[PDB]
Structures are given as structure tokens and as C-alpha cells.
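Trainee:
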Amino acid sequence: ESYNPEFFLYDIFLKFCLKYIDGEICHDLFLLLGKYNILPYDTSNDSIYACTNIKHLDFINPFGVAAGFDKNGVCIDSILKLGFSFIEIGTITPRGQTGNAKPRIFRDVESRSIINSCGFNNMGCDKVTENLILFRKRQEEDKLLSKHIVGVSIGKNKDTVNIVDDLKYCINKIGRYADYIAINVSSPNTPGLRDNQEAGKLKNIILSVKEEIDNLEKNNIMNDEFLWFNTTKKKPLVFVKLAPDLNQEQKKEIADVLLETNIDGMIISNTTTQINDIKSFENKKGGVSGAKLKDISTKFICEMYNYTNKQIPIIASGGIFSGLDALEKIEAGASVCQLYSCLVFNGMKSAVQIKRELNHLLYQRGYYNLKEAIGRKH
Ligand SMILES: Cc1cc2nc3c(=O)[nH]c(=O)nc-3n(C[C@H](O)[C@H](O)[C@H](O)COP(=O)(O)O)c2cc1C
Ligand SMILES: Cc1c(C2(c3ccc(C(F)(F)F)nc3)CC2)c[nH]c1C(=O)N[C@H](C)c1nc[nH]n1
Ligand SMILES: O=C(O)c1cc(=O)[nH]c(=O)[nH]1
Ligand SMILES: [Mg+2]
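So the sequence shown is residues 159 to 383, 414 to 566, counted in PDB author numbering.
1. Would a C-beta distance cut-off of 8 Å place residue 192 and residue 246 closer than the cut-off?
2. In or out: residue 265 buried (at least 16 other Cβ within 10 Å) or exposed?
3. Buried or exposed: which applies to residue 214, given that a residue is buried once 16 or more other Cβ atoms fall within 10 Å of its Cβ?
4. Which residue's Cα is closest to the Cα of residue 270: 325, 478, 230, 415?
5. Is it right to say residue 526 is buried, meaning 16 or more other beta carbons lie within 10 angstroms of its own, or is it exposed?
6. By the DSSP assignment, the beta strand (DSSP E) with residue 522 in it spans what residues?
7. Can you give me the start and stop residues for the beta strand (DSSP E) that residue 485 sits inside?
8. Start and end of the beta strand (DSSP E) containing residue 505?
9. Going along the chain, which residues of its own chain have a beta-carbon closer than 7 Å to the beta-carbon of residue 236, five neighbours each way excluded?
10. Would you call residue 358 buried or exposed, if buried means 16 or more other Cβ atoms sit within 10 Å of its Cβ?
11. For the pair the stretch 442–455 and the stretch 417–431, tell me if three or more CB-CB distances fall below 8 Å.
12. For residue 540, which residues in the same chain have their Cβ closer than 8 Å to its Cβ, ignoring the five residues on either side in sequence?
13. Quick one: Cα of residue 257 to Cα of residue 279, how far?
14. Once DSSP output is grouped into helix, strand and coil, what is the label at residue 265?
15. Any residue with its Cβ nearer than 5 Å to a heavy atom of ligand 4 should be included. What is that list in chain order?
16. Report the CB separation of residue 367 from residue 325 in whole angstroms; it is logged as a contact under 8 Å.
17. Three Cβ pairs or more, each shorter than 8 Å: is that satisfied between the stretch 516–532 and the stretch 498–506?
18. Quick one, are the C-beta atoms of residue 290 and residue 314 less than 8 Å apart?
19. Go ahead and pull the three-state DSSP assignment for residue 246.
20. When we look at the beta-carbon of residue 532 and count the other beta-carbons within 10 Å, is it buried (16 or more) or exposed?
21. Tell me the DSSP bridge mates of residue 427?
22. Name the DSSP beta bridge partners of residue 310, please?
23. Less than 8 Å separating the beta-carbons of residue 513 and residue 482?
24. Please determine, among 173, 205, 347, 233, the residue with the shortest C-alpha to C-alpha distance to residue 221.
25. According to DSSP, what are the bridge partners of residue 222?
26. Which residues in the same chain as residue 467 place their Cβ atom closer than 6 Å to its Cβ, once the five residues preceding and following it in sequence are excluded?
27. Quick one: give me the first and last residue of the alpha helix (DSSP H) that residue 174 is part of.
28. If I follow the unbroken alpha helix (DSSP H) through residue 286, where does it start and stop?
29. What's the gap between the Cα of residue 262 and the Cα of residue 180?
30. What are the partner residues of residue 256, as DSSP defines its beta bridges?
31. Under a three-way DSSP split, which group does residue 475 fall into?
32. Measure the beta-carbon distance from residue 321 to residue 363 and round it to whole angstroms, keeping in mind my assumption that it falls under 8 Å.
33. Leaving out five residues on either side along the sequence, give the residues of the same chain with a beta carbon under 7 Å from the beta carbon of residue 489.
34. What three-state label does DSSP hand residue 434 in the structure shown?
35. For residue 207 versus residue 558, is the C-beta distance shorter than 8 Å?
36. Please return the same chain residues whose Cβ sits closer than 6 Å to the Cβ of residue 565, not counting the five positions on each side in sequence.
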């Protein structure tokens with residue numbers, strides 16, 4: 159009973175938390191339950207007809223946890239065991255950062271929306287790398303986790319002048335333990351970060367990251383210890429996470445760069461600064477997540493799927509709460525889905541519930557498997 163993510167008490171506690179308890183306190187308590195391995199867990203074998211892949215990344219189901227949920231990689235095992243196929247830890251920076259001043263996170267239950275001005279609070283690449291190493295050693299001994307995927311989102315310290323120096327630092331420390339690297343050029347809460355989405359700068363960033371990963375492989379290929417201590421046993425793939433607050437010319441220029449640099453995937457999208465209809469967020473700063481971002485980010489998937497001529501796989505992030513939401517992202521062009529706000533508002537049952545809803549929908553719509561639906565809207 160207690161172990162079951164749908165155990166009736168979780169929804170009762172969650173409704174109480176969302177009404178009376180500060181958002182960051184709720185999150186810290188979630189993390190503490192995860193640290194002491196007392197979160198519920200999903201005991202289901204996932205349907206093989208809902209598996210999916212990006213390149214050699216073989217996802218056991220299409221639902222992962224988005225970056226920012228476990229910034230320091232302290233809760234990996236327990237979050238995955240809720241029923242998710244992967245998690246993106248981070249965003250990490252070379253040096254630790256406490257972030258912007260609190261309160262900096264606010265929820266609106268009515269609209270299932272969040273606004274945050276966190277500012278890349280994390281313990282720093284060195285410490286997070288130790289946390290990921292601990293997970294990778296537990297995984298090596300637990301066959302229950304051997305196929306789960308862990309990506310690492312990397313960014314810059316607030317005061318760093320050249321973003322690439324920070325990106326290279328992170329690759330050389332944590333890259334060997336990552337199944338993929340996500341380049342974060344889209345947070346709205348680090349001044350100047352989003353300027354790096356300009357095509358010229360983005361191109362140099364992508365080529366520099368790819369070159370640093372390639373040098374990691376070259377210089378350690380005949381080491382006694414195998415270099416890739418991750419799930420794939422291969423060098424990490426490289427993804428870029430994009431902001432939805434771009435004009436059509438910027439989107440097109442970005443897509444051209446993604447085609448020329450052979451990026452492995454794009455994460456569409458980060459939070460938006462263009463929603464101001466949420467009364468309770470008036471005179472609050474930061475990016476908005478959740479239901480009000482669904483349509484914006486789904487339209488953005490369709491745009492980039494077409495601008496890249498379907499050659500760049502897509503990871504969907506933005507207002508996914510239901511199996512219908514997930515199928516809309518997939519038919520729009522996405523190969524896999526990331527959740528954040530769904531976890532906040534639906535709680536422990538999030539993965540069990542959305543996986544069941546998507547499966548039934550694949551049945552109803554007549555698909556043989558999930559891959560058949562990718563980009564079918566087009
Ligand atoms: C409190 C909070 C912190 C986040 N931190 C990060 C982060 O560090 N890196 C990142 O790439 N995205 C971060 N995000 C964005 C999420 O990963 C996700 O893209 C966004 O919330 C949209 O998905 P959703 O509508 O399902 O919440 C954060 C979001 C929230 C709400
Ligand atoms: C509500 C919630 C949760 C859940 C939770 C938390 C606590 C408990 C309980 F055991 F205490 F009852 N149950 C569920 C749904 C699983 C995790 N995080 C949050 C949350 O608000 N996070 C905000 C947006 C945040 N703050 C920093 N980064 N993000
Ligand atoms: O740490 C943050 O403030 C943050 C980063 C990010 O990429 N997205 C976001 O909404 N917040
Ligand atoms: Mg460090």
C-alpha cells in the first residue's frame with residue numbers, strides 16, 4: 159500500500175502542501191524523502207510499444223524529469239523509481255551558487271502554473287559530479303536501474319565572461335558519467351545567458367562542447383578504467429535547450445546552425461517571460477512553467493521540426509500533464525517528453541498516471557507503437 163505512488167494519502171498531503179506550504183519547502187521535503195529512500199515507487203514493467211530512442215539512447219518509456227528538479231543529483235534513484243525513464247540533473251555551473259534571493263518560486267494551482275527566479279542554485283560541478291558518481295556505482299550493482307538514463311544540464315556561473323570556459327570545465331569533470339549533455343543557453347534568470355542563442359555564438363558553443371567531448375575520448379581511450417561510466421557506455425550526446433521567447437528569424441537561424449553542427453537533439457523548451465495573465469504572478473519576476481506554456485511550446489516544436497527538416501530529434505518540455513498532452517507533443521515532432529510542473533501538481537502518481545493515459549491513447553488512435561506517432565501531425 160504505502161509503496162504505491164497512487165496510495166490515497168499522497169493526494170491528500172499534496173493538496174494541503176499546495177495550499178498552505180511554501181513551494182521551496184515542499185521541494186526540500188520531497189528531496190529529503192528521496193534522500194532517505196522513502197518515496198513510493200512504481201512496480202510496473204513498461205510497455206514495449208511506448209519505448210523510444212534518440213540516436214543510441216534507448217528510453218524504456220517516454221517520460222523523464224526536466225532539468226532543475228534535482229539540481230544537485232541527490233535524488234536520482236528515487237525520482238527514477240517513481241516510473242520515469244530518465245532525468246536531467248542540473249543545471250550545474252563550475253562553482254556553486256546559492257542563487258537569487260528568496261522567495262523566488264511561486265505556484266498558481268488554479269492555472270497549474272509556476273514562476274521562478276532561482277538563478278542556477280547548485281552545489282557546483284565538482285560536488286554534483288561526486289553525487290552522480292555515487293549513483294553510477296549503485297546503478298552498476300542494481301539491475302533495476304541499468305537501463306535508466308541520466309543527462310546533465312550545464313551552464314555558466316553568473317559572473318563568468320566567456321560561457322565556453324564554464325561549459326568545457328563541466329565537460330572535463332562530469333562528462334564521462336553523463337549519457338547526454340544539455341547546453342543551457344535559455345534560462346531567463348542569468349543576465350545575458352539567452353544572448354548565446356544568436357547563431358554565431360551558438361555555433362561556436364556547440365562546436366566547442368563537441369570538441370571537448372571528443373578530446374575527452376581521445377586522451378583516455380587506452381586507460382585501464414573504461415572512460416564512459418554511464419548507461420550507454422558511449423560518449424554523451426549533445427543537446428541544446430532553447431527558450432520559447434525568440435522571433436521567427438532567430439528560430440530559423442538557430443535551426444540552420446543545428447543542422448550544420450550536427451547537434452544530437454533539441455530540448456523545446458525552457459520557461460517563458462511572455463505570460464502575464466496570471467493575476468497572482470503580477471509583479472513577480474522569472475520564467476513561467478506549466479499549463480500556460482503548453483501551447484507556446486507545442487507550436488515551437490512544430491516550427492523547429494520543420495525548420496530543421498525533421499533531421500534533429502526533439503525532447504519536449506512545457507505544460508505536459510496528461511497522455512493527450514504527451515501525444516500532442518509527439519505528433520508535433522517530439523521523440524520523448526520531460527515533466528516538471530506535472531510532478532509539482534500531480535505528485536507521486538505523475539509517471540504511473542501519464543504512462544497509463546498515453547498507452548490507452550495509443551490503443552484508441554490505432555498506432556502500433558509510439559515511434560509511429562512521432563511527427564504525424566505533419
Ligand atoms: C523551479 C524551476 C527550476 C528550473 N530550473 C531549470 C534548470 O536549472 N535548468 C533548465 O534547463 N530548466 C530549468 N527549469 C525549467 C524546466 O526544466 C522546464 O523546462 C519548464 O519548467 C517547463 O516544463 P513544465 O511546463 O513541465 O514545468 C526549471 C523550472 C522550474 C519551475
Ligand atoms: C509540490 C511539490 C512536490 C511534490 C510533494 C512535496 C511534498 C510532499 C509531502 F510529502 F510533503 F506531502 N508531497 C509531494 C508533488 C511531489 C515536489 N516539489 C514541489 C514544489 O512545489 N516545487 C517547487 C515548484 C520548487 N521549489 C524548488 N524547486 N521547485
Ligand atoms: O535556475 C533557474 O532560475 C532556471 C534555469 C532555467 O533554465 N530555467 C528556469 O526557468 N529557471
Ligand atoms: Mg565545483
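Here a beta-carbon is modelled for each residue, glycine too, at the ideal position from N, C-alpha and C.
Mentor: According to the structure data:
1. no
2. Residue 265 should be labelled buried.
3. Exposed.
4. 478
5. buried
6. 522–527
7. Run containing residue 485: none in the beta strand (DSSP E); it sits in the alpha helix (DSSP H), 482–495.
8. Membership of residue 505 in the beta strand (DSSP E) is indicated by the continuous run 502–505.
9. Cβ neighbours of residue 236 beyond the five flanking positions: 192, 195, 197.
10. exposed
11. yes
12. 163, 164, 200, 202, 240, 241
13. In this structure, the straight-line span from the alpha carbon of residue 257 to that of residue 279 is close to 4 Å.
14. strand
15. 282, 283, 284
16. 6 Å
17. They touch, by the three-pair rule.
18. no
19. strand
20. buried
21. 340, 453
22. Per DSSP, 247, 339.
23. yes
24. 205
25. Paired residue(s): 244, 526.
26. Answer for residue 467: no residue qualifies.
27. 166–178
28. 283–299 is the span of the alpha helix (DSSP H), which, as asked, contains residue 286.
29. 10 Å
30. Note: residue 256 sits in no beta bridge, so no partner.
31. strand
32. Rounded, the Cβ-Cβ distance is 7 Å, consistent with contact.
33. 456, 502, 504, 517, 520, 521, 522
34. coil
35. yes
36. 519, 520
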